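Next up: a single chain in structure tokens, the form deposited in one PDB entry.
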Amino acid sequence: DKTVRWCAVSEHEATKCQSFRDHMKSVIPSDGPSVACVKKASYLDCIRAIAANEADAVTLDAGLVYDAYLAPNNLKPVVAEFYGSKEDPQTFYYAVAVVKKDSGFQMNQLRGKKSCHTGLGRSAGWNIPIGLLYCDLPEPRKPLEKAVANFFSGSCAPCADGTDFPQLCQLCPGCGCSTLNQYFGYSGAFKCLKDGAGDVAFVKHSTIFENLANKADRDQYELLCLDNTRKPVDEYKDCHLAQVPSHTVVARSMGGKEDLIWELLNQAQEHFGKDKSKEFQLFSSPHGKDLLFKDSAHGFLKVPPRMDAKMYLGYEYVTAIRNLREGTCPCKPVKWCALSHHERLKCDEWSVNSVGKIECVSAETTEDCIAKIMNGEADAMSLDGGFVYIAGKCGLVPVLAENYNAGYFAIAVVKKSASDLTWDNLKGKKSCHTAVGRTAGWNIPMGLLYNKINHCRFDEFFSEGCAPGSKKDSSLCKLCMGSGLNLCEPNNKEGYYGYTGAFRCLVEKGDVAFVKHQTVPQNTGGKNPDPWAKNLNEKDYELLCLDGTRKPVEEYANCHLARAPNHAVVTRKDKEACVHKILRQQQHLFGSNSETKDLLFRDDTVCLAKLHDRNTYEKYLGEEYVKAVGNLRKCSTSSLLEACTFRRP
């Protein structure tokens, strides 16, 4: 049977679950999902029941989503409650630190300041800010209130033990835990900042806009970002302490039943959701408050399947809570992420030769690696510009570029015999790409071509081709050479994958190859001993220039599609400085003074350059590059990008 066993934590919740059960039976057909109702004493008892295969689903706040993730529960987010309009679904809130403009201090200078909290034990007002500050607090850190009382000079921390720690209630004597206290709650803590009582208020992004209508007033405030800078209040998305999901349905990581859970809930909102006015209303609690779901919910969004709990909660939230739960405080080694059995081996060699300054983490895919850098399991890796885009939108930034001598050149290579082909009209021809979503083989050439055909349905523009990463049924997988499941994969087991592979695809099957300016020189004239390249001459090939003409291969400077941004090392913002130093020190020892091919870094890289000003993916890639990728995103199929675009569009 297709049964979703929902877990309730109270008799009122269980009664609603039963009404939920009986009404869905009148709406869902025989082959569809039905609900069962398991009543337990608490949210943690529900988490344990789900993990024990005695129930299937429960909706949790962020704190318990974290608890549900830890072993041995290992639950996962599947469906997201959303609020507000259908056009702009508000799935998360942002915990921010608001300050007065020109007060002259950053997040890392809060010791001694006066703080305004919404209330002790609340998320944005306490657990998150104190969670992040935890190791900055003085020892002993237990009890936590004593440590905070000895960190801020004074504060208003409603519901704090002012008798034993009167510093915490200096700004609100008694620290009344009710609205009788002027500085209690979300309006109160911001009022505690506005009135001049405190120097910082830990609140939600929307508190400022709800308590100050005129933007002129809002300009007198700023936000403290975790990189120790400030930003205006309406840039909370790029300057917050944490992005927190409001209410989240969780299920087992393996054993589900994510498929049924979404079918059940999506059906339920379509017939009993907001503005549906039936006997049974999914988001009403006739004899309670927020039973099973929050009464203010407007519907449900499916959580993208690539996303786990650490990625859904976010790096900084996980850091804050882990500090509160465990209470553990210490440049540290840089954990590099390797993708192959050949790449890991190089990493282990590199690790022992670094006297411990480099450690090694592994994963199957680049996206898996990028996810491990986001959550802290890994620290750094080198990426093609196309993956830097993914990494940037996922939160990471570039810290070092690999220089090869401004970046490398992207060109279109054809066979010289074929005198007919031009850049003007390539429709109906056979294309060879390094892979989908890569700088030289896709983002640059297909970005330009998008502007000339007005769509990204490129399998209907070219007759066929090989663009590793495309869907296996696509005409852009027909020319690939991989065998079995390897066919058309964007990895080594597909022989037409990469710069060289795409050129090989041209030699043997295709009409045009989109690669970089050195690819042809390195695979002709005997440079590449493989049979497919051994006897090739670089004079039998030429490049397609944008004006519509063709030029020889070694004249790439005058005949090129666009300058491609170099590959770059990406990391988290909180480890940018440390990766920048250890690697600049590492190439000084092992630089210009790989067993297989392009392990960790490309093999034609001389050094690792600094960027200074270009420490974000938009600054590094360029404006025109980012807009091209935006146009190509309409037809793109990246699941990692889908997940971290669910948090940050």
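Throughout, we count residues from 1 along the sequence that is shown.
Another form exists, deposited with a partner chain bound; not displayed. Remarks below refer to it.
Visitor: Please check if residue 296 has a heavy atom lying within 4.5 Å of any heavy atom of the partner chain in the deposited bound form.
Guide: Output for residue 296 is no: heavy atoms all beyond 4.5 Å of the partner chain.
Visitor: Residue-level question: is residue 344 within 4.5 Å of the partner chain in the deposited bound form, judged on heavy atoms?
Guide: Yes, residue 344 lies within 4.5 Å of the partner chain in the deposited bound form.
Visitor: Please determine whether residue 617 contacts the partner chain in the deposited bound form, using a 4.5 Å cut-off between heavy atoms.
Guide: Residue 617: no, not in contact with the partner chain in the deposited bound form.
Visitor: Do residue 231 and the partner chain share at least one heavy atom pair within 4.5 Å in the deposited bound form?
Guide: No, residue 231 sits far enough from the partner chain in the deposited bound form that none of its heavy atoms falls within 4.5 Å.
Visitor: Out of 236 to 244, 374 to 382, 98 to 106, 280 to 288, where are the residues with a heavy atom within 4.5 Å of the partner chain in the deposited bound form?
Guide: Among the listed stretches, the partner-contacting one is 374 to 382.
Visitor: Quick check on this chain: which one of 352, 180, 406, 213 has a heavy atom within 4.5 Å of the partner chain in the deposited bound form?
Guide: Checked against the cut-off, the match is 352.
Visitor: Ok, 144, 301, 453, 361: which has a heavy atom sitting within 4.5 Å of the partner chain in the deposited bound form?
Guide: After the contact test, the surviving option is 361.
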